[PDB]
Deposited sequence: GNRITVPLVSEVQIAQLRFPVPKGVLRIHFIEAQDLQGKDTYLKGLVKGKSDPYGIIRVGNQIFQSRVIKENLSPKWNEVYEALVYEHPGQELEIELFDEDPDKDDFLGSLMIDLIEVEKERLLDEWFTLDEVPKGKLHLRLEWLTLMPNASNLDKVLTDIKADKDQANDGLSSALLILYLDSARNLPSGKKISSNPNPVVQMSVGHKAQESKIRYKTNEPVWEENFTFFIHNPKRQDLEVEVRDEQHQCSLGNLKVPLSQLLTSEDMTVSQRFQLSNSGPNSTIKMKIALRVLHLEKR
């Protein structure tokens, strides 16, 4: 005969690791001057119709500028946003081409070291193009860091408004980083649950889970955010089998602006779902900031 007291505690069985951006590089693709024109043997009629455009690379992210026609001093005035991760020796790569009817001619290249850009926070400079006889490109580079509070949001939003360079998909004042853990007690008692997350027009999807009302995903996602004060995270759970909804969740990102470290982590009640139907997530907001 015994009286038994079990000594139980929470133990870390394992650990998921996901990459996170070290920051956001805002790239102003402004203009070039004195680019290489098209060669001829003797001088003649015409000078050669050059139509420059640029390809910009940061890691896996690629950006393509507009083609401006018949001009060796192109003026694009465009702006792109690239996520930057820890990756030693990583560079901003730029190649300029002439849009031709056949093979597009090469108009020069540029390779800038990021950890140099990070160090400078803000550049606004002319660079002499590499691998060409002549040509210079005008860039303005902003290295933006992640802040764990909304104290400076108001100013970046006004800067976004004042910035008049062309942005294909607008500019961002924040990143949304979230962890999709699992869901409980989904409808019917099975479906093949899949989650679709969106902020406005940005959309991303989880993997499919099969024949379960208790799906586990353990996936992480990152979204560019235009304006947290306005935008909602929309979460829809669907049955891949029958393409219908299993419930959804709308989360105004403004709620995060007033939370500790702008992060909430909880079980969320699903609407348009069963009773006690829920989804477990972590959701964090980080405001993009240019400091000195």
| query | Tell me, which runs of residues in the deposited sequence have no coordinates at all? | reply | 1, 191-195, 299
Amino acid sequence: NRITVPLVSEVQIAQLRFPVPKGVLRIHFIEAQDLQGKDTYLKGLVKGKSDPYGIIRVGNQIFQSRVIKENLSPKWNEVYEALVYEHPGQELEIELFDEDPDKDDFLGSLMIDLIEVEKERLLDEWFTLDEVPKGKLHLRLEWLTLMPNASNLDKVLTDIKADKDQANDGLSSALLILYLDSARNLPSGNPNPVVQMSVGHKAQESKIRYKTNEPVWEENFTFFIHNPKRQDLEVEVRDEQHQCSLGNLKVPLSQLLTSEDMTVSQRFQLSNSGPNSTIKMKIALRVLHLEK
From here on, numbers count along this sequence of modelled residues.
| said: Highest mean C-alpha temperature factor of the two stretches 156-164 and 75-83, which is it? | reply: 156-164
| request: Between 237-245 and 41-49, name whichever shows the higher mean Cα B factor according to the PDB entry. | output: 41-49
| note | One of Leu123, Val194, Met111, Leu175 has the largest Cα B-factor in the entry, namely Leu123
| Selection from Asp169, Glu95, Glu214, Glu219 [criterion: highest C-alpha temperature factor in the record] | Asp169
| field | For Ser9, the third of its chain into which the C-alpha B factor falls | value | middle
| query | Compared with the other modelled residues in the chain, in which third is the CA B-factor of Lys22? | reply | highest
| message | Among the modelled residues of this chain, does the Cα B factor of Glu116 put it in the lowest, middle or highest third? | response | highest
| query | When the modelled residues of the chain are sorted by Cα temperature factor, does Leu146 land in the lowest, middle or highest third? | reply | highest
| request: Just say lowest, middle or highest third for the CA B-factor of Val251 relative to the other modelled residues in its chain. | output: middle
